[PDB]
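As structure tokens, one chain now follows by itself in the form deposited in one PDB entry.
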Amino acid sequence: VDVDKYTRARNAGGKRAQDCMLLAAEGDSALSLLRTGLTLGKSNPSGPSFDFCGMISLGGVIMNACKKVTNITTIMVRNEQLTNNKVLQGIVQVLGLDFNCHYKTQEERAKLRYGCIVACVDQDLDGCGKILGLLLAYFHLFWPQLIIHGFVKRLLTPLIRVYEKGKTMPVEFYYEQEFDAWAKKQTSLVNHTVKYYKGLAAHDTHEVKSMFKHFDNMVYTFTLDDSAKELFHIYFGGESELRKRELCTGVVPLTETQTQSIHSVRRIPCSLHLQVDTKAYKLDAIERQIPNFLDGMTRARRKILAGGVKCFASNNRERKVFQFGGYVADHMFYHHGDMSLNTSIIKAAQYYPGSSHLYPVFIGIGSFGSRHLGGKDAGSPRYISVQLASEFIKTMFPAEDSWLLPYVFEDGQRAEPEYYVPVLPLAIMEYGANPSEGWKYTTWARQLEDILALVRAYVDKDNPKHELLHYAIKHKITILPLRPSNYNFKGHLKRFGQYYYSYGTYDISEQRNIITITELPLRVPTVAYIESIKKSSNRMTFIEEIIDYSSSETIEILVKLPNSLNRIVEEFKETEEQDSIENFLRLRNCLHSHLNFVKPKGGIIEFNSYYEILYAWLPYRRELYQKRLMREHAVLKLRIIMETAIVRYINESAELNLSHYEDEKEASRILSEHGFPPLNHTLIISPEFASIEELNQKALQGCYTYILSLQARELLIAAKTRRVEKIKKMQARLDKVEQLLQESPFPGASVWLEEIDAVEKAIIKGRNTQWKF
């Protein structure tokens, strides 16, 4: 056969056709690895080869067949989309598969062009979890007998290899979970190197030779059982409610008996693979696509922010998107393709009416797209550059707080935090709408002034509502509003029953048969609207032309209707929820919300209203003010002790001439003999992520270095006057922190209110400059 991305095995379809394997890989780069391994003259005699092995590309993610089939009774009818899929239709041609056959007898199977198919997917969760599950679901849906009789197989490859400086042999892992456990449980990985294999093509020469030296001893066969049929419907059927049930809990790990049994005979039940590999993907896809309720960010957008703060710290000089993306993927350990990261960066910096972000993390330099095309008319990442919206970020995400956040560790190293805790509840302040596994995500930004009133009343005791709001929250009866935002909207909003709705604006003119549309409902792109209207034969009966005179950010569509306005009212219908002229031009939109978010420790959580998201975020922000303030108190005490000792050394440096002492170790003794405290200076000047316990526990690992590396410029008494000034100001700050801790209703309430005013100033300023500053 002549199929694209297919390299035939020599004996395929011939006398020895049942001795051949079809290696299905994720893409061309993975095919290049398989080609290299099958072309080894020094792997023999059991080394695989093109005598009995073929290659075919799966084209990345294949199509879910279970969701494109209609049952018919006297029959399973395949849809167009499934019938005309090039990748799957190529696999059917290469294998000589027949949808009418059920392949139960070894006669019936011996007319196939290959003996089996071996899924050589990448070990990333997308590969073994998603793509492999889709392939298993394809065969189970059409030819379940082939799974019973061992036709569907798998090649196991590592996902992580960690090498030691000594040992010539690495430690190999097949799951990020099991490596991360191994990494934290290790003492330190100081002389190791960790390598994550996002695709097959990442394996090096001597690594490829090892994998093919043990090829068939890494090939596993799939098996079927009664439990499989229902599980395939759970994970890949049409009812997402089951996914909502399955994804409430984490994966149930394999027992020591199941693991040992599987590896001894190299057989994997389809039910176990769906429960472990496929499910682990499904939970992971939720973490990628569903944002956290604390900061309203996905993992990519949080890595992009954390990387942005690092990259745009020294300079904040603009950098092109493709350059910034590489920095993010390197310093924040990003295990996926650069295409999806570069696009996320652009979507994170877009600022137009209807955009996802009312308060974008970055400033966009260049053509970043327009409302009229929904932001998809942005320039390629090679031209446009981003730049941190540093005034907003510095106020919304305080730098002091970031040391105290819990952090994700990828490849054995610290990466982005598990979550940020912004000063205002950012998860309800922006727009969002994307699907995921099991749950959909959709948010419509809440009004800024309502958020301020509510949050400020919770913290400001002098606010009239302070008694009363806390009493209301304990009994879950809400008194203050959280209404949809009206910013960047030239229309109005209405609330009917259980939904809020969005309304455009229009103007009629009787002198010359025109309707001028000057606003569309929230998040509606102009071009698609015009297209969608002219695609109506009902309406276009009465329109002769539609002309678009909108400006870059505004909307102005002139619609030339003979006297037909009367019919429109008759042909359509007028209610208290929608004018007929507003039915004629679809100027109405329903604010459907799907408030599903991710938990701090991990998992899905469903919210019923925007109020609960605010109430759930407040304790984390309340508690975080304690740690900063508590830690500042602890560090200030130590810095005072250190500076006081240094000023005492400067006062004793002239008589206590260090010039005469022989060694570094001697000089450390004479400072101890003079009553100087041994101090762990590096931790005092730069505590970084040190917890309070670590602070007090390691502050005594002294070395007297804080004196010995003191420069001569510090001996000058003006530098010493600045030190004594610094001591007095730190001693003054210490007493304000003690008061700020003993504050009501909780430590740091006044600090929270100050920073709330600071964030508001940044938003007001950004809003007046179109987030250009």
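Each form is matched to the other, and the largest set of C-alpha atoms that superpose within 1.5 Å is called the rigid core. Residues carry their position along the shown sequence, with the first being 1.
- Per the record, residue 74 and residue 75 are separated by 4 to 9 deposited residues that are missing from the model.
- The modelled chain breaks after residue 561 and resumes at residue 562, leaving 1 to 3 residues of the deposited sequence without coordinates.
- In this crystal structure, the stretch out of 550 to 558 and 172 to 180 whose C-alpha atoms carry the higher mean B factor is 550 to 558.
- The deposited model assigns a higher average Cα B-factor to 496 to 504 than to the other stretch when 334 to 342 and 496 to 504 are compared.
- Reading the B-factor column for the CA atoms of 154, 303, 214, 104 in the entry, the top value corresponds to 104.
- Of the candidates 541, 370, 275, 298, the one whose C-alpha carries the top B factor in the deposited record is 541.
- Sort the modelled residues of the chain by CA B factor and residue 426 lands in the middle third.
- Split the chain's modelled residues into thirds by C-alpha temperature factor. Residue 118 is in the lowest one.
- The PDB entry assigns residue 730 a C-alpha temperature factor belonging to the middle third of its chain's modelled residues.
- Sort the modelled residues of the chain by CA B factor and residue 68 lands in the middle third.
- In the deposited entry, the Cα temperature factor of residue 702 sits in the top third of values across the chain's modelled residues.
The next section is about a form of this same protein that is not shown, the form deposited in another entry.
- Core-based superposition between this form and the one not shown leaves all of 184, 317, 660, 601 but one with CA shifts under 2 Å; the exception is 660.
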